[PDB]
Structure formats: C-alpha cells, structure tokens
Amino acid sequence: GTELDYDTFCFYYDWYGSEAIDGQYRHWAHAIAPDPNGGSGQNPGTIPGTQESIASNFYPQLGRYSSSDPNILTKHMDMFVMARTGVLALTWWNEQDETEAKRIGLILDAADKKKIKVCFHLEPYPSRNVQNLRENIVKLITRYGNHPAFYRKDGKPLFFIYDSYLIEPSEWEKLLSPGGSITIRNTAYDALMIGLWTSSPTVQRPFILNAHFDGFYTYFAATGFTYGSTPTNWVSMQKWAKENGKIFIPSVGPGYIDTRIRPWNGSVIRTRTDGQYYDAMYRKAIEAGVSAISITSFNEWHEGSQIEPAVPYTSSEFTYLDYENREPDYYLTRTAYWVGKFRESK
C-alpha cells in the first residue's frame, strides 16, 4: 500500500524562479490583478517576491525555489512518492525558449529516478488553434515520447487541454475525429485528449461529443466555482461518460485562496479546515466510480490549492496562512491515504 498510482494526475507548475538561477524570483513576484468589476484607473500594483512578500497566501517549506534547480526537483519527486501520485501533469505554455526546454528535460529526468511519469497540461497560449496544437503535440511526442518518464495509458499519450471551450467543436473535429482533415487518430501522434468541462450538461455534452474529446476534467479546486467543479454532479457526469465512451477525470483540491494576487476574488475562497475540505472532495471523486483522478494542485501557490508542504511564516509584510493543526507534509500523506482508497475502489 505504498506504490505509485498511474491513474492519479497532479497538476504541476514549473514557472518559479530565483535570482541566482533565473535572474529574477519569477512568479514569487507577480502582478496584482485589477478588479474586473472595479472601474477604470486601478493601480493594483505588484507583489515583489521578496522573502517577506511572495505571491501566495501560503509560504513554501522549500522557500522561494527555482523550478530549474535539480535539487528542488529531487525533493518534489520524493514528495510525489510520498503522495503516491504517479503522474505529474506539467503546465505547458509554449514559451519556445531554451530555459523551458531545459526545465522540461530536468523534470523528466528527475521523475524517472522515482518511476514518476509526466504528461502535459496544454495551456491557452497565444493564437492557440488546432493546427499549432497538432504541431505542438507532434513536437512534444517527438522530443519526449521516448523518454522513460513520458506517460502513456494503454499505449497512448495523454494531454489535458485547459480552456478547450475557447475552440469550436468544428475545429476540434479536424484534429480529433478519425475523419478529420488533420487527424491524429490512427497516427504516430494519437493521444487521449482530455478537455475542460466547465458549464452545464446541456452545453458540455454536445461539445465533448462533437469535438471528439476522449474525456474530460474539471480543474477547479473550489467547489461550486463551475458546474463541473460541483462534486454532487460527479455521479451523473460519470454515468454520462461511461454511456458515451469518455474518460472522466474529476479534479480534487485541498482548498482555494488567491486573494494576494486577486484581492477582489474572496468569494472563491474555500477553507481547508484541517483537511476536512480535501477529504470531502476526494471522497466524492472516489464515490463517483471514476477510473482516474486529478489533483489541483501540487504547487499552484498563487491559488492556494497546493498540496506541496507549507510552513507557518509571519513577516513584517504579511501573516501567511499555514496548515494549522496539521504538519507541513499532511496534504502529501493524506493524498496517499486517498490514493489507497481509490485503488481499493478500482
């Protein structure tokens, strides 16, 4: 009851920088978003990413780390082993820069040492469309597909597609129908394509079918943020998935808070309550009878959904939230608990 689960996907962010390694404490410093309902002339400012003031309501046990530091990567992979999360679902922004390329190779290498697998979470990069998506899928499978840590499920790579609704089903069909003009089906570049189910079934069911997605995930850690992230819908979403040959990968998270970077977004806060929120959400995923589960997140520190260890910290600039009556690694060990319960259910 300690082995990795390769149907458990944990969303991982590689965008953190340090002055020493990256030239800037990347992402630890971050713009504060203006209030989308708050009128003109806002000067919301920025979080400077100093030791005292970072762009999170929580504070990492590992400090203001670099995602390109091989020693941090080793520690993260040991944390995945503790959590029993076999798949690292890597945020991918199509930066087309040598620093991205280096980082992806470092992550794959570190993952392989611990038998962790890596798949890609394809983000909404500029001018994203099905043609450049195909080209990027080809590039990723070509560059990384023979890496021993590259994930496959029953012989197929798997990609999560964030904000897949931003692209019309008539475009998706070209890529994802077996008859599509630029199909990946039956090619060397075929993959399980997992789209983001947001809103109501009346909208999302025909979209998933007409776009030829292999499955869907929900992402948001905050319960009730969307229809898809409301766990009382998961039984019915799974029933529909099974009836239509789709893979449902609900996303569970331990809490949510992003008010350092989005001070106006307090309605989305979901309190951790010493792990009871995480337990409730993970239980609903398991009870829905799904084949795979995703975890939002390993380390989206801006959104306060991370399971990565956090420590108490009060600086002159901010009093951070922390894991309260739980130890810093509690969310990793509680993840392992739920992975066990999930496996018992399969």
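Don't overthink the numbering: it's just position in the shown sequence, from 1.
Chemist: Mind pulling up the entry and telling me whether 293-301 or 24-32 has the higher mean Cα temperature factor?
Modeler: Averaging CA B-factors over each stretch, the winner is 24-32.
Chemist: For the C-alpha atoms alone, is the average B factor greater in 255-263 or in 198-206, going by the entry?
Modeler: Mean CA B-factor is higher for 198-206.
Chemist: Which is it among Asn244, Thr91, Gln131, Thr271: the one with the largest CA B-factor in the entry?
Modeler: Max CA B-factor in the entry, restricted to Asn244, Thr91, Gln131, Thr271: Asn244.
Chemist: Say you rank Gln61, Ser56, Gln306, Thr319 by Cα B-factor from the PDB entry; which sits at the top?
Modeler: The record points to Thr319.
Chemist: Lowest, middle or highest third: which one holds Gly180 when the chain's residues are ordered by CA B-factor from the entry?
Modeler: CA B-factor rank for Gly180: middle third.
Chemist: According to the PDB entry, is the CA B factor of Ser164 in the bottom, middle or top third of its chain, that is, lowest, middle or highest?
Modeler: According to the entry, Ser164 has a C-alpha B-factor in the chain's lowest third.
Chemist: What third of the chain does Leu122 rank in for C-alpha temperature factor, lowest, middle or highest?
Modeler: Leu122: CA B-factor falls in the lowest third of its chain.
Chemist: Compare the C-alpha B factor of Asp214 with those of the other modelled residues in its chain, then answer lowest, middle or highest third.
Modeler: It belongs to the lowest third of the chain when residues are ordered by C-alpha B-factor.
Chemist: Pull the Cα B-factor of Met281 out of the PDB entry and bin it into the chain's lowest, middle or highest third.
Modeler: Lowest third.
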